[PDB]
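Take a look at the structure below.
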Amino acid sequence: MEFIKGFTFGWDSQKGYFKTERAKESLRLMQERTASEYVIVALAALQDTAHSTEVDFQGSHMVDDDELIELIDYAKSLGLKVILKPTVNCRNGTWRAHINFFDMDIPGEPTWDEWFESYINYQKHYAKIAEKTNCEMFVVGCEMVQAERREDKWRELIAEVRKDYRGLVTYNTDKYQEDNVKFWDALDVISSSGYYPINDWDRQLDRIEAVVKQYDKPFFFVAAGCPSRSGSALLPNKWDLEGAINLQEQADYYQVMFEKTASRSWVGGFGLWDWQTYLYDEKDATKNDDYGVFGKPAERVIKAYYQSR
Ligand SMILES: OC[C@H]1O[C@@H](O[C@H]2[C@H](O)[C@H](O)[C@H](O[C@H]3[C@H](O)[C@H](O)[C@H](O)O[C@@H]3CO)O[C@@H]2CO)[C@@H](O)[C@@H](O)[C@@H]1O
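Residues in the sequence shown are numbered from 1363 upward in steps of one, following my numbering.
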């Protein structure tokens, strides 16, 4: 596995966004400003709650198949490789890591089998798209901490994705959960959300290295990044962190992350979080306290690092 110089795109997208000039201009700027060679197209279906079993990928929250194919083809026309990452959010705001059901099937209660049926059929739909567009990698789940114990069901899902899609298949675990997953052998690549504190990379990388050396798979941080807010460098996963704007903290987070990971040969790349489909005006960058790096000092740190690899 060559080093993946990646950036996540499309998380803010709604139906119709990918049809637009604005979306293509944003993706061109992502490539120009960061020297990324991969785009991670991150999409989210919706379910009602963390304990409901129907996964909706057809409403206004979800780009249509035709515009998704258009955007992937356009990314390829720019020379980008594409990683497709379809995940799921809850309408009531609960983090998908809490999606969970009773260990036993109780009459009248939602079951693991019902949820996985809906989720597998969701993934198979997008696996067919990844196959038709020749996406380089497909990510079958993201941060599903409580669902990860259902190893049998995850193995079933991966086999179903394999029937539709012949590329690389991975699963994206949450921070600190790299060893919670017991089905890495069924995947091609190990990946995690590397939202680790700026002052704890040495301990965390040593921990992950010991996990990764138990398998014969490449590894990368399919999500990583930091909002431009004070205190975010300590908890970079908290998108709602109460903190004043701080562009330099985000740049410093990135500088430390690349420095610490550059010396671990097994860190095989990054899918940096994240680049908006509808990008803010460069004039508004110094007021933006979110994950974007457009117009911020972190943009130069990323581009320099990606150009060096
Ligand atoms: O932006 C409006 C939209 O935001 C939803 O909530 C978001 C967050 O705003 C943020 O994008 C967050 O990103 C997580 C992501 O879920 C995943 O964990 C990734 O690895 O890390 C990023 C950064 O922490 O995602 C949630 C949605 O899951 C929500 O508030 C909507 O109501 C709303 O319109």
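Using N, Cα and C, we set each Cβ at its ideal position, and we do this for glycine too.
Here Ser-1670 is exposed: its Cβ has fewer than 16 other Cβ atoms, across all protein chains shown, within 10 Å. By the beta-carbon neighbour count (other beta carbons within 10 angstroms, threshold 16), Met-1392 is buried. The three-state reading of DSSP puts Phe-1419 in coil, since its state is none of H, G, I, E or B. Closest in C-alpha terms to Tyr-1640, from the list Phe-1632, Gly-1633, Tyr-1668 and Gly-1654, comes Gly-1654. Scanning its chain for C-beta atoms nearer than 6 angstroms, with the 5 sequence neighbours on each side dropped, one finds around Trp-1563 the residues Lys-1622, in chain order. Secondary structure note for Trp-1563: its alpha helix (DSSP H) is the uninterrupted segment 1563–1574.
Taking C-beta atoms under 8 angstroms as the contact rule, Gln-1420 and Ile-1461 fail to qualify, at a distance of about 20 angstroms. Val-1401 is bridged by DSSP to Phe-1369 and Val-1444.
Assignment of beta strand (DSSP E) within the stretch 1421–1486, counting only whole runs of 3 or more residues, yields 1443–1452 in chain order. DSSP places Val-1629 inside the beta strand (DSSP E), whose first and last residues are 1629–1637.
When C-alpha distances from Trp-1601 are compared across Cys-1504, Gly-1657, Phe-1583 and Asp-1636, the shortest belongs to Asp-1636. Here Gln-1576 is exposed. Its C-beta has fewer than 16 other C-beta atoms within 10 Å.
Judged by DSSP in its simplified three-state form, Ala-1606 adopts coil rather than helix or strand. Separation of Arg-1512 and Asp-1374 (C-alpha to C-alpha, rounded to the nearest whole angstrom) is 30 angstroms. For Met-1392, the enclosing alpha helix (DSSP H) begins and ends at 1383–1396. For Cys-1497, DSSP assigns no beta-bridge partner whatsoever. One thing to note: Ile-1445 has its Cβ no nearer than 8 angstroms to the Cβ of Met-1363. Rounded to the nearest whole angstrom, the CA to CA distance from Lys-1367 to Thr-1456 is 31 angstroms. With 16 or more other Cβ atoms inside 10 Å of its own Cβ, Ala-1385 counts as buried.
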